[PDB]
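Data file: final.txt. Format and content: compact mmCIF, C-alpha atoms and all ligand atoms.
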# COMPACT_ATOMS: atom_id res chain seq x y z
CA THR F 17 117.99 120.97 92.90
CA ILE F 18 116.78 118.69 95.69
CA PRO F 19 115.40 120.52 98.75
CA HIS F 20 117.14 119.75 102.03
CA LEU F 21 114.95 119.50 105.12
CA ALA F 22 115.81 119.19 108.81
CA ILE F 23 112.62 117.28 109.71
CA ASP F 24 113.31 114.17 111.78
CA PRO F 25 110.57 111.66 110.82
CA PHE F 26 111.69 109.45 113.74
CA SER F 27 111.40 112.09 116.49
CA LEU F 28 108.74 111.88 119.17
CA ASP F 29 107.35 115.26 118.10
CA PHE F 30 106.86 113.90 114.57
CA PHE F 31 105.17 110.73 115.85
CA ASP F 32 102.86 112.81 118.05
CA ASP F 33 101.43 114.62 115.01
CA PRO F 34 103.02 113.68 111.67
CA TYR F 35 100.50 115.25 109.29
CA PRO F 36 101.83 118.85 109.04
CA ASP F 37 105.40 117.65 108.52
CA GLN F 38 104.17 115.09 105.98
CA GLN F 39 102.53 117.88 103.98
CA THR F 40 105.77 119.86 104.19
CA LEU F 41 107.65 116.81 102.87
CA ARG F 42 105.16 116.36 100.02
CA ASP F 43 105.02 120.01 98.96
CA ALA F 44 108.79 120.60 99.10
CA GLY F 45 109.16 118.45 95.98
CA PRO F 46 108.83 114.91 94.61
CA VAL F 47 112.23 114.00 96.13
CA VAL F 48 113.71 115.54 99.28
CA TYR F 49 116.95 115.06 101.19
CA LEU F 50 116.71 114.58 104.96
CA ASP F 51 119.87 116.12 106.44
CA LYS F 52 119.21 114.59 109.87
CA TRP F 53 119.92 111.05 108.62
CA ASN F 54 121.53 111.55 105.16
CA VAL F 55 118.77 109.78 103.22
CA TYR F 56 116.52 110.67 100.33
CA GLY F 57 112.80 110.86 101.02
CA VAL F 58 109.68 110.45 98.92
CA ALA F 59 106.34 111.41 100.46
CA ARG F 60 103.95 111.71 97.50
CA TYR F 61 101.87 108.77 96.31
CA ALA F 62 103.39 108.74 92.81
CA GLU F 63 107.04 108.43 93.88
CA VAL F 64 106.32 106.01 96.73
CA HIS F 65 104.40 103.79 94.30
CA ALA F 66 107.17 104.07 91.70
CA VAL F 67 109.91 103.15 94.19
CA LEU F 68 107.95 100.16 95.53
CA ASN F 69 107.42 98.85 91.99
CA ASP F 70 111.08 99.03 90.85
CA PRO F 71 112.77 96.51 93.17
CA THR F 72 115.76 96.20 90.83
CA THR F 73 116.80 99.83 91.26
CA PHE F 74 115.41 100.20 94.81
CA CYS F 75 116.44 96.93 96.44
CA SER F 76 115.61 95.40 99.83
CA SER F 77 118.59 93.06 100.36
CA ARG F 78 120.69 95.93 101.74
CA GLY F 79 118.01 96.38 104.43
CA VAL F 80 114.64 98.14 104.58
CA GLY F 81 115.69 100.12 107.64
CA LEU F 82 118.18 102.96 107.82
CA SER F 83 121.16 100.64 108.21
CA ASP F 84 122.84 99.56 104.96
CA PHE F 85 123.75 95.87 105.21
CA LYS F 86 126.69 96.50 102.87
CA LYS F 87 128.14 98.89 105.49
CA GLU F 88 126.89 97.50 108.83
CA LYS F 89 126.08 94.09 110.23
CA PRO F 90 122.33 93.44 110.55
CA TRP F 91 121.15 93.31 114.16
CA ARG F 92 119.72 89.84 113.42
CA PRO F 93 120.16 87.44 110.48
CA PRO F 94 118.36 88.91 107.46
CA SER F 95 114.78 87.94 106.74
CA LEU F 96 114.63 85.54 103.80
CA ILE F 97 111.66 87.45 102.36
CA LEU F 98 111.48 91.06 103.60
CA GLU F 99 115.24 91.60 103.25
CA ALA F 100 115.76 89.64 100.02
CA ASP F 101 115.54 90.57 96.34
CA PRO F 102 114.39 88.55 93.34
CA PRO F 103 115.29 85.86 92.52
CA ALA F 104 116.25 84.72 96.05
CA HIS F 105 113.03 86.31 97.33
CA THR F 106 110.79 84.48 94.88
CA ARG F 107 110.46 80.93 96.17
CA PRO F 108 110.33 81.78 99.92
CA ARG F 109 107.63 84.30 99.02
CA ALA F 110 105.71 81.60 97.14
CA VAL F 111 105.80 79.27 100.16
CA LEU F 112 104.45 81.90 102.56
CA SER F 113 101.78 82.76 99.98
CA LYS F 114 100.60 79.14 99.90
CA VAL F 115 100.80 78.83 103.70
CA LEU F 116 98.66 81.97 104.14
CA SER F 117 96.41 80.99 101.24
CA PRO F 118 92.68 81.37 100.56
CA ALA F 119 92.26 77.70 101.49
CA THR F 120 93.94 78.36 104.83
CA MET F 121 91.64 81.34 105.42
CA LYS F 122 88.63 79.11 104.73
CA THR F 123 89.88 76.68 107.39
CA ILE F 124 90.26 79.33 110.13
CA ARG F 125 87.55 81.91 109.31
CA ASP F 126 84.77 80.45 111.47
CA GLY F 127 87.10 80.23 114.46
CA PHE F 128 88.43 83.75 113.98
CA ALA F 129 84.86 85.06 113.66
CA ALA F 130 83.61 83.19 116.74
CA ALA F 131 86.51 84.61 118.77
CA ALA F 132 85.73 88.15 117.56
CA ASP F 133 82.06 87.85 118.52
CA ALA F 134 82.97 86.38 121.92
CA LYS F 135 85.44 89.18 122.66
CA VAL F 136 82.91 91.91 121.88
CA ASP F 137 80.29 90.15 124.01
CA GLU F 138 82.83 89.95 126.83
CA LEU F 139 83.77 93.63 126.48
CA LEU F 140 80.11 94.71 126.47
CA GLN F 141 79.69 93.10 129.90
CA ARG F 142 82.40 95.46 131.20
CA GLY F 143 81.15 98.52 129.30
CA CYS F 144 84.22 100.69 129.94
CA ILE F 145 87.35 99.09 128.48
CA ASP F 146 90.73 99.92 126.97
CA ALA F 147 90.35 99.38 123.23
CA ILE F 148 94.09 98.68 122.94
CA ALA F 149 94.89 96.17 125.70
CA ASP F 150 91.38 94.70 125.90
CA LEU F 151 90.56 94.60 122.17
CA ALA F 152 93.28 95.52 119.67
CA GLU F 153 95.81 93.42 121.58
CA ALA F 154 93.55 90.85 123.24
CA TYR F 155 91.75 89.69 120.09
CA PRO F 156 94.83 89.00 117.89
CA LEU F 157 96.50 87.37 120.90
CA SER F 158 93.45 85.10 121.19
CA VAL F 159 93.62 83.80 117.58
CA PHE F 160 97.02 84.34 115.98
CA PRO F 161 99.41 82.46 118.34
CA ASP F 162 97.04 79.48 118.16
CA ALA F 163 96.84 79.69 114.36
CA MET F 164 100.65 79.70 114.34
CA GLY F 165 100.76 76.56 116.46
CA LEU F 166 102.63 78.11 119.39
CA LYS F 167 102.60 76.65 122.87
CA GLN F 168 100.93 78.63 125.64
CA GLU F 169 104.07 79.37 127.66
CA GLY F 170 106.07 82.45 126.70
CA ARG F 171 103.53 84.23 124.50
CA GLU F 172 104.22 87.41 126.51
CA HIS F 173 107.42 87.69 124.41
CA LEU F 174 105.58 88.15 121.11
CA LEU F 175 104.55 91.80 121.29
CA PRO F 176 107.89 92.94 122.83
CA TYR F 177 109.80 91.08 120.11
CA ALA F 178 107.70 92.64 117.35
CA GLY F 179 108.09 96.11 118.86
CA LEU F 180 111.86 95.55 118.86
CA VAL F 181 111.88 94.42 115.21
CA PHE F 182 109.93 97.46 114.03
CA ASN F 183 112.00 99.84 116.17
CA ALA F 184 115.15 98.31 114.62
CA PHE F 185 114.23 99.53 111.13
CA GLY F 186 114.69 103.05 112.47
CA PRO F 187 117.79 105.16 112.87
CA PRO F 188 120.09 104.61 115.85
CA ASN F 189 118.03 106.83 118.14
CA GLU F 190 117.09 106.09 121.75
CA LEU F 191 114.02 104.08 120.73
CA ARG F 192 116.14 101.71 118.65
CA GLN F 193 119.09 101.33 121.00
CA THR F 194 116.88 100.78 124.05
CA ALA F 195 114.93 98.12 122.15
CA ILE F 196 118.10 96.27 121.17
CA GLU F 197 119.44 96.54 124.74
CA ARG F 198 116.43 94.55 126.00
CA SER F 199 116.22 92.15 123.06
CA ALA F 200 118.04 89.06 124.35
CA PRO F 201 115.17 87.21 126.13
CA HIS F 202 112.66 87.94 123.35
CA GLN F 203 114.97 86.79 120.55
CA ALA F 204 115.75 83.59 122.48
CA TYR F 205 112.09 82.64 122.87
CA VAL F 206 111.17 83.49 119.28
CA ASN F 207 114.11 81.69 117.67
CA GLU F 208 113.29 78.60 119.74
CA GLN F 209 109.61 78.52 118.74
CA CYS F 210 110.71 78.54 115.08
CA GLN F 211 112.00 74.95 115.30
CA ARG F 212 109.75 72.26 113.81
CA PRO F 213 109.10 70.24 117.03
CA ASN F 214 107.75 73.37 118.79
CA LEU F 215 104.99 74.11 116.25
CA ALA F 216 101.65 72.35 116.66
CA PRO F 217 100.30 70.22 113.80
CA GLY F 218 98.08 72.07 111.35
CA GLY F 219 99.25 75.59 112.21
CA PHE F 220 101.11 78.09 110.04
CA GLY F 221 104.50 77.13 111.45
CA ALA F 222 104.09 73.40 110.87
CA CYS F 223 102.87 74.13 107.34
CA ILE F 224 106.03 76.12 106.59
CA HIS F 225 108.19 73.21 107.77
CA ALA F 226 106.09 70.81 105.69
CA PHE F 227 106.83 72.86 102.54
CA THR F 228 110.58 72.11 102.78
CA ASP F 229 110.60 69.25 100.25
CA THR F 230 109.23 70.82 97.04
CA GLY F 231 112.42 72.48 95.80
CA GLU F 232 111.19 75.92 96.89
CA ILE F 233 112.77 76.02 100.36
CA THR F 234 115.08 73.72 102.29
CA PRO F 235 114.60 72.63 105.93
CA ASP F 236 117.22 75.12 107.16
CA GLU F 237 115.18 78.01 105.70
CA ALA F 238 111.94 77.15 107.50
CA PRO F 239 112.88 78.56 110.96
CA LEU F 240 113.57 82.02 109.53
CA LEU F 241 110.29 81.93 107.58
CA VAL F 242 108.43 81.12 110.80
CA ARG F 243 110.38 84.02 112.32
CA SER F 244 108.97 86.30 109.61
CA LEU F 245 105.42 85.47 110.70
CA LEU F 246 106.25 85.88 114.40
CA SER F 247 107.88 89.23 113.60
CA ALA F 248 105.25 90.74 111.30
CA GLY F 249 102.00 88.88 111.97
CA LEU F 250 100.82 90.15 115.37
CA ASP F 251 101.82 93.74 116.20
CA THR F 252 100.76 94.90 112.73
CA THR F 253 97.21 93.58 113.20
CA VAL F 254 97.11 95.03 116.72
CA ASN F 255 97.73 98.51 115.31
CA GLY F 256 95.44 97.89 112.34
CA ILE F 257 92.50 96.88 114.51
CA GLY F 258 93.36 99.65 116.97
CA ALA F 259 93.34 102.11 114.06
CA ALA F 260 89.89 100.93 112.98
CA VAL F 261 88.41 101.28 116.47
CA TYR F 262 90.05 104.70 116.89
CA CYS F 263 88.52 105.77 113.56
CA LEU F 264 85.05 104.53 114.51
CA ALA F 265 85.35 106.27 117.89
CA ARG F 266 86.28 109.59 116.24
CA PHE F 267 83.84 109.37 113.29
CA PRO F 268 80.52 108.23 114.81
CA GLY F 269 78.72 108.87 111.52
CA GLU F 270 80.79 106.08 109.98
CA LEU F 271 80.03 103.70 112.85
CA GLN F 272 76.35 104.35 112.17
CA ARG F 273 76.84 103.55 108.48
CA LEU F 274 78.73 100.36 109.41
CA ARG F 275 75.96 99.25 111.79
CA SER F 276 73.38 99.71 109.03
CA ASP F 277 75.36 97.50 106.61
CA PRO F 278 77.78 95.11 108.34
CA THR F 279 79.01 93.92 104.93
CA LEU F 280 81.01 97.17 104.88
CA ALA F 281 83.27 95.72 107.60
CA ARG F 282 86.05 94.61 105.25
CA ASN F 283 86.30 97.97 103.48
CA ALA F 284 85.92 99.84 106.78
CA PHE F 285 89.05 98.02 107.95
CA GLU F 286 90.84 98.66 104.65
CA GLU F 287 90.04 102.36 104.95
CA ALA F 288 91.45 102.38 108.49
CA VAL F 289 94.70 100.91 107.16
CA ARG F 290 94.90 103.73 104.62
CA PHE F 291 93.82 106.40 107.11
CA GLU F 292 96.23 105.54 109.93
CA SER F 293 98.82 103.45 108.02
CA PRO F 294 100.05 101.27 110.92
CA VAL F 295 103.29 100.65 109.02
CA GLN F 296 104.39 104.23 108.39
CA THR F 297 107.72 103.88 106.59
CA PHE F 298 110.19 101.56 104.91
CA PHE F 299 113.54 102.14 103.22
CA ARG F 300 115.07 100.93 99.97
CA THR F 301 118.67 101.16 98.74
CA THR F 302 119.59 102.23 95.22
CA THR F 303 121.61 99.72 93.18
CA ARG F 304 122.52 102.28 90.49
CA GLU F 305 122.31 105.94 89.62
CA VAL F 306 118.65 106.69 88.95
CA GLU F 307 116.38 109.59 88.02
CA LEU F 308 113.39 109.93 90.35
CA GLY F 309 111.01 112.88 90.07
CA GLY F 310 113.54 114.85 88.04
CA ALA F 311 116.29 114.26 90.61
CA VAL F 312 119.43 112.16 90.17
CA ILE F 313 120.12 109.72 93.02
CA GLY F 314 123.47 107.96 93.12
CA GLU F 315 124.21 104.31 93.77
CA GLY F 316 124.09 102.98 97.31
CA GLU F 317 121.76 105.65 98.69
CA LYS F 318 118.98 104.99 101.19
CA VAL F 319 115.50 106.10 100.10
CA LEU F 320 112.83 106.56 102.78
CA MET F 321 109.25 105.90 101.62
CA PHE F 322 106.48 107.61 103.60
CA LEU F 323 103.65 105.10 103.18
CA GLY F 324 101.29 106.98 105.49
CA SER F 325 101.92 110.24 103.65
CA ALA F 326 101.35 108.56 100.28
CA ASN F 327 98.02 107.35 101.68
CA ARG F 328 97.02 110.96 102.48
CA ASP F 329 98.40 112.63 99.34
CA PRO F 330 95.67 114.94 97.94
CA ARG F 331 97.26 114.47 94.50
CA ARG F 332 95.92 110.89 94.68
CA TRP F 333 93.02 110.95 97.17
CA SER F 334 89.88 113.06 97.43
CA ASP F 335 89.42 114.33 101.00
CA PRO F 336 92.40 112.24 102.16
CA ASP F 337 92.01 113.29 105.81
CA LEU F 338 88.44 111.95 106.03
CA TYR F 339 87.62 108.42 107.20
CA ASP F 340 85.16 107.05 104.61
CA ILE F 341 84.18 103.38 104.87
CA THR F 342 82.75 103.33 101.32
CA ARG F 343 85.87 104.89 99.76
CA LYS F 344 87.41 103.06 96.82
CA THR F 345 90.57 102.11 98.71
CA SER F 346 92.26 100.05 95.98
CA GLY F 347 95.79 101.28 95.37
CA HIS F 348 96.62 102.47 98.88
CA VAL F 349 100.11 101.45 99.99
CA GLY F 350 99.39 100.53 103.63
CA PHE F 351 100.25 96.91 102.74
CA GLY F 352 102.96 97.98 100.31
CA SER F 353 102.87 97.40 96.57
CA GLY F 354 104.60 95.09 94.12
CA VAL F 355 106.64 91.96 94.77
CA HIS F 356 106.94 92.56 98.54
CA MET F 357 103.28 93.53 99.08
CA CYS F 358 102.13 92.10 102.42
CA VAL F 359 102.08 88.31 102.11
CA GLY F 360 99.94 88.14 105.26
CA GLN F 361 97.29 90.61 104.10
CA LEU F 362 94.58 87.93 103.92
CA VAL F 363 95.14 87.19 107.61
CA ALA F 364 95.16 90.89 108.50
CA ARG F 365 91.97 91.54 106.53
CA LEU F 366 90.24 88.46 107.97
CA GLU F 367 90.95 89.57 111.55
CA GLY F 368 89.91 93.15 110.85
CA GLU F 369 86.77 92.14 108.97
CA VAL F 370 85.42 89.76 111.62
CA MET F 371 86.17 92.18 114.46
CA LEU F 372 84.46 95.09 112.69
CA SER F 373 81.55 92.78 111.84
CA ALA F 374 81.16 91.90 115.53
CA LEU F 375 81.21 95.60 116.41
CA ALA F 376 78.74 96.44 113.63
CA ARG F 377 76.22 93.89 114.89
CA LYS F 378 76.65 94.25 118.66
CA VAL F 379 77.68 97.84 119.49
CA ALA F 380 75.55 100.99 119.23
CA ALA F 381 78.15 103.59 120.26
CA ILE F 382 81.89 103.89 120.92
CA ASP F 383 82.70 106.92 123.08
CA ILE F 384 86.19 107.90 124.19
CA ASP F 385 85.92 108.30 127.96
CA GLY F 386 89.52 108.71 129.11
CA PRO F 387 92.94 110.09 128.20
CA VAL F 388 94.25 108.76 124.89
CA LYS F 389 97.93 107.78 125.01
CA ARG F 390 100.07 107.25 121.92
CA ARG F 391 102.62 104.44 121.53
CA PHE F 392 105.93 105.51 119.98
CA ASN F 393 107.81 103.26 117.55
CA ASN F 394 110.26 103.99 114.74
CA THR F 395 108.04 102.18 112.20
CA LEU F 396 104.58 101.54 113.72
CA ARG F 397 101.90 104.16 114.34
CA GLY F 398 99.35 103.31 117.01
CA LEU F 399 98.00 103.97 120.47
CA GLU F 400 99.13 102.75 123.87
CA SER F 401 95.74 103.29 125.53
CA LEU F 402 92.27 104.05 124.13
CA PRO F 403 89.66 104.23 126.92
CA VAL F 404 86.19 103.79 125.44
CA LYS F 405 82.66 103.14 126.64
CA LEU F 406 80.86 100.56 124.49
CA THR F 407 77.07 100.86 124.36
CA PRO F 408 75.24 97.66 123.36
CA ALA F 409 72.95 97.69 120.34
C1 LIG N 501 97.25 95.66 109.31
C2 LIG N 501 98.15 94.67 109.23
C3 LIG N 501 99.43 94.71 108.36
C4 LIG N 501 100.02 95.75 107.72
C5 LIG N 501 99.60 97.23 107.71
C6 LIG N 501 101.20 95.25 107.03
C7 LIG N 501 102.08 95.99 106.27
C8 LIG N 501 103.04 95.46 105.42
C9 LIG N 501 103.81 96.19 104.43
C10 LIG N 501 103.70 97.70 104.13
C11 LIG N 501 104.64 95.33 103.82
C12 LIG N 501 105.63 95.68 102.68
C13 LIG N 501 107.07 95.70 103.19
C14 LIG N 501 108.01 96.19 102.11
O1 LIG N 501 107.54 96.58 101.01
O2 LIG N 501 109.24 96.19 102.37
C15 LIG N 501 104.42 94.01 104.41
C16 LIG N 501 105.07 92.84 104.08
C17 LIG N 501 105.02 91.67 104.82
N1 LIG N 501 104.07 91.34 105.77
FE1 LIG N 501 102.54 92.56 106.37
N2 LIG N 501 101.27 93.89 107.26
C18 LIG N 501 100.21 93.52 108.06
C19 LIG N 501 99.93 92.24 108.51
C20 LIG N 501 100.73 91.12 108.34
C21 LIG N 501 100.43 89.78 108.79
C22 LIG N 501 99.13 89.42 109.55
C23 LIG N 501 101.46 88.98 108.45
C24 LIG N 501 101.67 87.46 108.68
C25 LIG N 501 100.73 86.63 109.17
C26 LIG N 501 102.44 89.81 107.76
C27 LIG N 501 103.65 89.40 107.23
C28 LIG N 501 104.37 90.09 106.27
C29 LIG N 501 105.58 89.63 105.60
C30 LIG N 501 106.29 88.28 105.86
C31 LIG N 501 105.96 90.57 104.74
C32 LIG N 501 107.19 90.51 103.80
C33 LIG N 501 106.66 90.22 102.39
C34 LIG N 501 107.75 90.29 101.34
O3 LIG N 501 108.82 90.89 101.61
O4 LIG N 501 107.55 89.72 100.24
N3 LIG N 501 101.95 91.10 107.71
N4 LIG N 501 103.45 94.14 105.38
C1 LIG N 502 106.49 94.32 107.17
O1 LIG N 502 106.83 92.96 107.08
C2 LIG N 502 107.78 92.55 108.02
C3 LIG N 502 108.01 93.29 109.18
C4 LIG N 502 108.95 92.86 110.11
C5 LIG N 502 109.66 91.69 109.88
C6 LIG N 502 109.42 90.94 108.73
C7 LIG N 502 110.21 89.66 108.49
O2 LIG N 502 110.14 89.07 107.38
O3 LIG N 502 110.93 89.19 109.40
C8 LIG N 502 108.49 91.37 107.80
CL CL N 503 115.85 87.75 116.39

Encoded form using structure tokens:
Amino acid sequence: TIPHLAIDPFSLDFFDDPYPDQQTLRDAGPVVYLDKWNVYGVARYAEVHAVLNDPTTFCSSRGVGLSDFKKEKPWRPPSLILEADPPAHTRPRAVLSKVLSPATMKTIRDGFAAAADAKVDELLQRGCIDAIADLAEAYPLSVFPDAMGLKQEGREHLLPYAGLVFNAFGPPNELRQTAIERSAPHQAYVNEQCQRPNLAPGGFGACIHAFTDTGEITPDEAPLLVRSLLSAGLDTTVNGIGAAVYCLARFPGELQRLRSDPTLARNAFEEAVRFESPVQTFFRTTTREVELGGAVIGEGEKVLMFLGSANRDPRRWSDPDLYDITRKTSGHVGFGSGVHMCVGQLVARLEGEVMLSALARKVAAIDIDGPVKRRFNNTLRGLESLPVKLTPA
């Protein structure tokens, strides 16, 4: 009944160009079985959306990577939000939602915007830059660690730690095992910065620790909630902003539309998240026998959701392989969907909006002028190097 495929969605060949294999996964059927890793896969929008929105049947507390926490020990203590189910998920999720709230965005927006404008001005003085290291990495590094309340020393651990975390959702391939082999110094730094005395007053981390007296979380839960933000809050935005710049560099007609109406910046970033899907995949684990797309899946089975493929499913999207900054993007699953939908999405969208606004107002052209190099990760899609020439407006 269920088609069996030999595609490895975590192989370097797949990462290098995933779109043909993603169509093969979609067109084989609503539910496939991946013989390489003994998991079920869903690559169409409908089934990915359905799985995300049934957390009772497709749970997260047995891990959202390949490893099943009921069978193997997690490589680090489980996240209290990403790797939890309702009801244990509910109150930690509420705290992070209030920490990363609209009111918090109003407090930091002017600073985030000023830093975006300053970075673009700085880059325009150089002309020829690397849009990854000098922009997609440099800008989030210039705002997010400060907004967290982190000290200056040791920030070089943040991107390596996040790369490790996202590699660790993958299967035990060389990417994952090499990441874990090098993990010790990055885990040590991150776990230490999660303690209340090491988080500056007014930042996200101090606000988490201040929310430990309402009956929603206890003081011993705050370090792991800070860890969630230090795991998921930086590398994601790096690849999201990098995706947006890569899109504008490849689709100059859309850069010209953005320049003519800078208020399109927020949707231009949202469309980049759909188009590239920086977070490509997550797993769930079935808690019972379930019918999905006419197929019967037993209890305790891993289900791999192809978020990037769902975001390019022609059953759901018109011209899915086109970057369109005025597309109605509502419903894309690049931030997930349902009870686990990205709790930091307001931060991600704020960073992306103000950076694309700075580009819209200050830059006339973005031309690739060097070899493009891809960065390989079991969960994240993005570039290692994006040489571009920026022409001032
Ligand atoms: C372009 C940027 C980002 C993308 C594409 C992204 C993607 C996602 C996705 C797909 C999920 C759902 C995970 C699941 O269903 O299992 C998620 C959840 C989450 N994200 Fe984001 N994210 C981004 C930025 C951020 C930022 C800036 C933060 C923090 C400041 C953050 C923190 C989190 C956390 C803690 C969760 C877990 C939420 C929960 O389980 O309830 N992310 N993200
Ligand atoms: C996609 O959201 C993420 C990603 C990685 C880690 C976490 C966390 O809670 O530690 C969350
Ligand atoms: Cl850790």

For the contact check between chain F and ligand CL 503 (chain N), emit one row per residue of chain F within 9 Å, containing the shortest atom pair and the distance in Å rounded to one decimal, counting only C-alpha atoms and all ligand atoms, chain then rising number order, as a Markdown table.
| residue | atom | partner | partner_atom | distance |
| --- | --- | --- | --- | --- |
| F:91 | CA | N:CL503 | CL | 8.0 |
| F:92 | CA | N:CL503 | CL | 5.3 |
| F:93 | CA | N:CL503 | CL | 7.3 |
| F:177 | CA | N:CL503 | CL | 7.8 |
| F:181 | CA | N:CL503 | CL | 7.9 |
| F:199 | CA | N:CL503 | CL | 8.0 |
| F:200 | CA | N:CL503 | CL | 8.4 |
| F:202 | CA | N:CL503 | CL | 7.7 |
| F:203 | CA | N:CL503 | CL | 4.4 |
| F:204 | CA | N:CL503 | CL | 7.4 |
| F:206 | CA | N:CL503 | CL | 7.0 |
| F:207 | CA | N:CL503 | CL | 6.4 |
| F:243 | CA | N:CL503 | CL | 7.8 |
| F:247 | CA | N:CL503 | CL | 8.6 |

Min atom-atom distance to residue F:55 from the set F:174, F:21, F:139, F:100, counting all atoms listed in the file, belongs to F:21

Would you kindly return, as a ChimeraX atom specification, each protein, DNA or RNA residue with an atom no farther than 12 Å from any atom of residue F:262, considering all atoms listed in the file and excluding same-chain residues fewer than 3 positions away?
/F:146-148,151-152,254-259,265-268,270-271,284-285,288-289,291-292,339,372,382-384,388-390,398-404

For those residues, write C-alpha atoms to a file as a PDB file, keeping the file's coordinate frame.
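The file below, result-v3.pdb, is the result:
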ATOM      1  CA  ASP F 146      90.730  99.920 126.970  1.00  0.00           C
ATOM      2  CA  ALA F 147      90.350  99.380 123.230  1.00  0.00           C
ATOM      3  CA  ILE F 148      94.090  98.680 122.940  1.00  0.00           C
ATOM      4  CA  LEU F 151      90.560  94.600 122.170  1.00  0.00           C
ATOM      5  CA  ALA F 152      93.280  95.520 119.670  1.00  0.00           C
ATOM      6  CA  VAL F 254      97.110  95.030 116.720  1.00  0.00           C
ATOM      7  CA  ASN F 255      97.730  98.510 115.310  1.00  0.00           C
ATOM      8  CA  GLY F 256      95.440  97.890 112.340  1.00  0.00           C
ATOM      9  CA  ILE F 257      92.500  96.880 114.510  1.00  0.00           C
ATOM     10  CA  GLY F 258      93.360  99.650 116.970  1.00  0.00           C
ATOM     11  CA  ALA F 259      93.340 102.110 114.060  1.00  0.00           C
ATOM     12  CA  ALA F 265      85.350 106.270 117.890  1.00  0.00           C
ATOM     13  CA  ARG F 266      86.280 109.590 116.240  1.00  0.00           C
ATOM     14  CA  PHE F 267      83.840 109.370 113.290  1.00  0.00           C
ATOM     15  CA  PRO F 268      80.520 108.230 114.810  1.00  0.00           C
ATOM     16  CA  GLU F 270      80.790 106.080 109.980  1.00  0.00           C
ATOM     17  CA  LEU F 271      80.030 103.700 112.850  1.00  0.00           C
ATOM     18  CA  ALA F 284      85.920  99.840 106.780  1.00  0.00           C
ATOM     19  CA  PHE F 285      89.050  98.020 107.950  1.00  0.00           C
ATOM     20  CA  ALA F 288      91.450 102.380 108.490  1.00  0.00           C
ATOM     21  CA  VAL F 289      94.700 100.910 107.160  1.00  0.00           C
ATOM     22  CA  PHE F 291      93.820 106.400 107.110  1.00  0.00           C
ATOM     23  CA  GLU F 292      96.230 105.540 109.930  1.00  0.00           C
ATOM     24  CA  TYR F 339      87.620 108.420 107.200  1.00  0.00           C
ATOM     25  CA  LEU F 372      84.460  95.090 112.690  1.00  0.00           C
ATOM     26  CA  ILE F 382      81.890 103.890 120.920  1.00  0.00           C
ATOM     27  CA  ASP F 383      82.700 106.920 123.080  1.00  0.00           C
ATOM     28  CA  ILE F 384      86.190 107.900 124.190  1.00  0.00           C
ATOM     29  CA  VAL F 388      94.250 108.760 124.890  1.00  0.00           C
ATOM     30  CA  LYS F 389      97.930 107.780 125.010  1.00  0.00           C
ATOM     31  CA  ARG F 390     100.070 107.250 121.920  1.00  0.00           C
ATOM     32  CA  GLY F 398      99.350 103.310 117.010  1.00  0.00           C
ATOM     33  CA  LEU F 399      98.000 103.970 120.470  1.00  0.00           C
ATOM     34  CA  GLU F 400      99.130 102.750 123.870  1.00  0.00           C
ATOM     35  CA  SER F 401      95.740 103.290 125.530  1.00  0.00           C
ATOM     36  CA  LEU F 402      92.270 104.050 124.130  1.00  0.00           C
ATOM     37  CA  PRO F 403      89.660 104.230 126.920  1.00  0.00           C
ATOM     38  CA  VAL F 404      86.190 103.790 125.440  1.00  0.00           C
TER      39      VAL F 404
END

What do you get as a PyMOL selection string if you pick all residues at most 7 Å from ligand LIG 501 (chain N), counting only C-alpha atoms and all ligand atoms?
chain F and resi 68+76+80+97-99+109+244-245+248-250+252-253+255-256+289+293-295+298+349-353+355-361+363-364

Output C-alpha atoms of each residue in that selection to a file, as a compact mmCIF listing (two decimals), in the coordinates of the input.
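And here's out31.txt as it stands now:
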# COMPACT_ATOMS: atom_id res chain seq x y z
CA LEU F 68 107.95 100.16 95.53
CA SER F 76 115.61 95.40 99.83
CA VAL F 80 114.64 98.14 104.58
CA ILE F 97 111.66 87.45 102.36
CA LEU F 98 111.48 91.06 103.60
CA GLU F 99 115.24 91.60 103.25
CA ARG F 109 107.63 84.30 99.02
CA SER F 244 108.97 86.30 109.61
CA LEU F 245 105.42 85.47 110.70
CA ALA F 248 105.25 90.74 111.30
CA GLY F 249 102.00 88.88 111.97
CA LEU F 250 100.82 90.15 115.37
CA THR F 252 100.76 94.90 112.73
CA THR F 253 97.21 93.58 113.20
CA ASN F 255 97.73 98.51 115.31
CA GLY F 256 95.44 97.89 112.34
CA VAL F 289 94.70 100.91 107.16
CA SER F 293 98.82 103.45 108.02
CA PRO F 294 100.05 101.27 110.92
CA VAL F 295 103.29 100.65 109.02
CA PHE F 298 110.19 101.56 104.91
CA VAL F 349 100.11 101.45 99.99
CA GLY F 350 99.39 100.53 103.63
CA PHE F 351 100.25 96.91 102.74
CA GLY F 352 102.96 97.98 100.31
CA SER F 353 102.87 97.40 96.57
CA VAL F 355 106.64 91.96 94.77
CA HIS F 356 106.94 92.56 98.54
CA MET F 357 103.28 93.53 99.08
CA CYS F 358 102.13 92.10 102.42
CA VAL F 359 102.08 88.31 102.11
CA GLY F 360 99.94 88.14 105.26
CA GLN F 361 97.29 90.61 104.10
CA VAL F 363 95.14 87.19 107.61
CA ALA F 364 95.16 90.89 108.50

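From atom CA of residue F:18 back to atom CA of residue F:49, the distance works out to 6.6 Å.
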
Residue neighbourhood residue F:336, 10 Å, only C-alpha atoms, exclusion window fewer than 2 positions, as a ChimeraX atom specification:
/F:290-291,325-334,338-340
